[PDB]
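Here's the structure we're looking at; comments come further down.
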Amino acid sequence: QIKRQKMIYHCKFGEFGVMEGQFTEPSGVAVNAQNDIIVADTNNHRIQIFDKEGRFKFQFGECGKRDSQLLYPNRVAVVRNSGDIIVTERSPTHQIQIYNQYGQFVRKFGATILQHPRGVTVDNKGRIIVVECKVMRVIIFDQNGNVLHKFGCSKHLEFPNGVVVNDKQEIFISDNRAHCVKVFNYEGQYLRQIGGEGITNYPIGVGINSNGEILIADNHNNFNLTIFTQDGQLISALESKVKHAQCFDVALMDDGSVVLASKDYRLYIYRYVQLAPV
Amino acid sequence: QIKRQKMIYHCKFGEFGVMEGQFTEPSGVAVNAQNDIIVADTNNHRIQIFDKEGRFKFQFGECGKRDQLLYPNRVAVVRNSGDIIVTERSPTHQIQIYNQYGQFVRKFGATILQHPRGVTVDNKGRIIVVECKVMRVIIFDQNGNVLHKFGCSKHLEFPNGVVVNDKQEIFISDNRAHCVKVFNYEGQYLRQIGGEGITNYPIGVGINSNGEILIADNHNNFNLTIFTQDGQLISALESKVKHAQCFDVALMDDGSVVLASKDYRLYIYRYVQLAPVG
RNA sequence: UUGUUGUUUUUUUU
């Protein structure tokens with residue numbers, strides 16, 4: 001029922017492979033303060049960092065369980081102020097790893113606590129928030145590995161696959177099978193719903209931009225971006241001109257863009273802002 | 001243990017999508033007398049035809065069970081007529097014949113074929129299908145009559161490709177036997193080409209204008225190993241970059257292999273070269 | 001509709 005603004009990507013990079021700028025599986029994507037694009041390249045067991053234009057800068061990590069090694073890294077997040085890179089690993093490892101902006105290993109934790117990490121983010125106080133699929137848990141860490149909060153949401157979540165937070169201790173979780181974003185507080189109380197069936201079907205990720213606006217991305221037919229206020233009011237809706245392979249994850253860039261990681265081993269950058277027409 | 005000549009592809013085309021020159025799943029590839037590249041685009045329920053340089057010419061077929069395609073997975077060309085032989089995988093599991101213009105001619109074999117996994121045509125116009133799981137070879141005439149039929153569960157573990165010479169010898173690539181197995185039309189096992197160490201996990205087989213046997217695999221890099229029909233090794237190549245899972249391969253008379261891959265792209269590798277100056 | 005492999009892992013839907 002919504003007439004969506006058409007959009008095309010202005011940037012595309014990546015391909016299959018093990019060399020620099022190549023992926024085996026780009027399961028996770030994140031963006032730092034300088035709009036560098038950080039990608040979890042799972043089956044290469046490494047993290048790759050690109051600039052905002054998709055040029056390879058550097059990589060870190062290799063297959064293993066030792067320090068400075070990764071085993072199936074799937075999601076990434078950035079500590080804004082320090083530029084530290086938060087990495088989650090999939091089961092059987094299911095733990096958090098922290099690397100600094102130079103790709104040096106800092107620490108790892110949460111291995112005995114996490115089961116199926118599926119989304120990760122960091123609030124303005126540096127607390128690390130992980131959402132887990134299947135078991136439907138949310139776990140909040142500090143950067144040294146202490147558990148600050150923990151709660152289940154198996155009552156409200158069917159398939160959680162993305163998470164962000166505002167500065168009011170509200171957690172926005174995209175739910176693939178509920179066709180919407182679910183909002184919680186740090187205590188674990190369900191607050192409200194953003195989007196829903198018919199406008200945000202099968203969401204694959206969620207973002208919060210510098211305006212505090214909530215972006216919900218999905219690939220239900222074309223690639224769609226639906227933008228809301230935190231109270232749930234729709235303010236913008238976009239749709240891609242071409243169809244995309246399965247989408248793993250999305251991240252926001254300060255220029256008003258979404259970085260899209262897809263199963264065709266490529267990343268796409270869509271602009272969701274435009275000039276005001278005369 | 002074999003020192004392989006390194007190679008790079010000189011042509012690349014295709015991407016994910018439903019439009020012309022886009023694929024959802026390029027499961028099958030074939031080449032006609034004019035080196036047009038014919039692609040089975042399975043989940044789009046269509047066949048797409050490109051010229052030797054990867055330019056889109058035209059498409060035919062749409063989803064359905066009427067005299068339409070439902071999950072076409074392999075293709076072969078009747079050289080003299082330019083007819084396109086199409087197999088559909090289960091549940092349909094039948095052969096369809098289209099002419100060079102993409103016009104439906106006829107369909108057959110629905111009640112006999114179970115799991116078509118490879119198809120080719122001999123110089124007399126007989127259509128040969130190899131089936132995985134059940135390990136069968138079935139030879140049809142162009143009206144749909146079964147001329148020959150035999151099981152090879154004793155010699156085959158995972159057949160995924162087939163070609164023939166003009167001597168009624170059938171060359172079948174076996175993914176889990178790491179070689180090509182040779183049979184006659186009666187079903188007698190004749191000999192083996194390749195083996196463990198040089199043709200691991202073959203994904204297809206070809207016979208070129210010289211009667212030379214090409215075995216393609218993606219066990220690490222993309223490899224081409226070339227033999228005589230008696231099994232003597234004469235050439236061996238390997239790609240400089242790694243590829244996503246490869247569905248199928250076909251030969252171009254200019255001395256190239258067309259490679260269809262799970263990254264929704266086709267690659268053309270040249271396996272001939274200039275003689276260096278001595 | 002789908003048996004490639006390329007270290008275990010990966011509930012998107014189309």
Side-chain angles (χ1 to χ4, degrees), chain A residues 16-18 24-28 40 42-45 62-64 70-75 88-94 115-118 133-136 157-162 174-179 200-205 217-224 243-249 262-263, chain B residues 16-18 24-25 27-28 40 42-45 63 69-74 88-93 115-117 132-135 157-161 173-178 199-204 216-223 242-248 261:
Chain A
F16 186 93
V18 302
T24 43
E25 195 176 87
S27 307
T42 314
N43 292 328
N44 285 328
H45 307 285
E62 79 193 330
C63 188
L70 299 170
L71 189 60
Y72 302 119
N74 61 320
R75 302 280 132 157
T88 66
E89 280 159 306
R90 285 179 186 144
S91 205
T93 309
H94 48 57
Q115 296 172 283
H116 304 100
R118 191 60 195 236
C133 62
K134 297 180 190 181
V135 298
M136 315 310 178
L157 301 180
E158 299 179 18
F159 189 6
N161 58 6
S174 51
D175 190 339
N176 184 254
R177 301 296 169 92
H179 312 291
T200 54
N201 287 358
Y202 292 101
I204 54 91
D218 75 77
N219 203 42
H220 81 275
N221 183 15
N222 296 312
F223 176 66
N224 290 263
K243 306 198 168 301
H244 282 278
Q246 272 178 35
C247 301
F248 297 121
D249 195 18
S262 182
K263 206 163 98 94
Chain B
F16 185 93
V18 301
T24 43
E25 195 176 87
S27 307
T42 316
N43 294 329
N44 284 328
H45 307 286
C63 188
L69 298 169
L70 188 59
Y71 304 121
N73 61 321
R74 304 284 141 160
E88 281 159 306
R89 55 172 158 240
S90 205
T92 309
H93 48 57
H115 305 281
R117 192 61 192 236
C132 62
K133 302 179 193 279
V134 296
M135 317 311 178
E157 298 180 18
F158 188 4
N160 58 6
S173 51
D174 189 337
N175 185 253
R176 302 297 170 92
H178 311 291
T199 55
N200 286 358
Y201 292 101
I203 52 91
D217 74 77
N218 203 43
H219 82 275
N220 184 16
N221 297 312
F222 176 65
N223 291 263
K242 303 198 165 47
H243 283 278
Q245 271 178 35
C246 301
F247 298 121
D248 195 17
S261 182

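What you see below is based on every heavy atom in this structure, not just the backbone, and it leaves out hydrogens, waters and symmetry mates. Numbers restart at 1 for each chain; the letters A, B, ... are given by sequence-line order, proteins then strands.
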So, do B/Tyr71 and C/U1 meet the stacking rule of ring centres under 5.5 Å and planes under 30°?
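Yes; centroid distance and tilt both under limits.
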
Just wondering, do B/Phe158 and C/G3 stack (centres under 5.5 Å, planes under 30°)?
yes

Specify the residue among A/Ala245 and B/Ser90 whose closest nucleotide of RNA chain C lies further upstream toward the 5′ end.
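Its nucleotide being nearer the 5' end, the pick is B/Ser90.
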
With sugar-phosphate meaning primed atoms plus P, OP1 and OP2, does [X] contact a base, only sugar-phosphate, or nothing at under 4.0 Å between heavy atoms?
| X | value |
| --- | --- |
| A/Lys134 | base |
| B/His115 | nothing |
| B/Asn43 | base |
| A/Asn74 | nothing |

[X] side chain: which of [options] is closest?
| X | options | answer |
| --- | --- | --- |
| B/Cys132 | C/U4, C/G3, C/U10 | C/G3 |
| B/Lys242 | C/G6, C/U12, C/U9 | C/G6 |
| A/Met136 | C/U11, C/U10, C/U1 | C/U11 |

Pairwise [atom1] distance, [M] and [N] [rounded to whole Å]:
| N | M | atom1 | answer |
| --- | --- | --- | --- |
| C/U1 | C/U5 | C1' | 22 Å |
| C/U8 | C/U4 | P | 16 Å |
| C/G3 | C/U14 | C1' | 25 Å |

Per the atom types in the model, does the base of C/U2 pair as donor or acceptor with the side chain of B/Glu25 at under 3.5 Å?
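Side chain to base: pair found, below 3.5 Å.
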
Tell me if the side-chain of A/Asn161 makes a donor-acceptor pair with the base of C/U11, cut-off 3.5 Å, by modelled atom types.
no

Within the pair B/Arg176 and C/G3, is there a side-chain N or O less than 4.0 Å away from OP1 or OP2?
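No, because none of the side-chain N or O atoms of B/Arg176 sits under 4.0 Å from OP1 or OP2 of C/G3.
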
For B/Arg117 and C/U2, is the shortest distance between a side-chain N/O and OP1 or OP2 below 4.0 Å?
no

Test of understanding: with salt bridge (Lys or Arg N to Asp or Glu O under 4.0 Å), list the residues that count as partners of A/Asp249, not counting sequence neighbours.
A/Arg75

Does the ring centre of A/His244 sit less than 6.0 Å away from the ring centre of B/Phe16?
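Judged by ring-centre distance (under 6.0 Å), B/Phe16 and A/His244 do not meet the cut-off.
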
Centre-to-centre below 5.5 angstrom and planes less than 30 degrees apart, is that true for the six-membered base rings of C/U9 and C/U10?
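For these two strand neighbours, the answer is yes: their six-membered rings meet both cut-offs.
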
Could you list the residues that satisfy side chain to side chain contact (heavy atoms under 4.5 Å, CB included) with A/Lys134, not counting sequence neighbours?
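Checked A/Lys134 against side chain to side chain contact (heavy atoms under 4.5 Å, CB included); matches are A/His116.
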
Looking only at side chains, do A/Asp218 and A/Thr200 share a donor and an acceptor under 3.5 Å apart?
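Looking only at side-chain atoms, A/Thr200 and A/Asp218 do not form any donor-acceptor pair under 3.5 Å.
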
Thinking salt bridges, do A/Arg90 and A/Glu25 make one under a 4.0 Å N-O criterion?
yes

Where does the sugar of C/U11 land, north (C3'-endo side) or south (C2'-endo side), based on the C1'-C2'-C3'-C4' torsion?
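Of the two classes, C/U11 takes north, because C1'-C2'-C3'-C4' is positive.
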
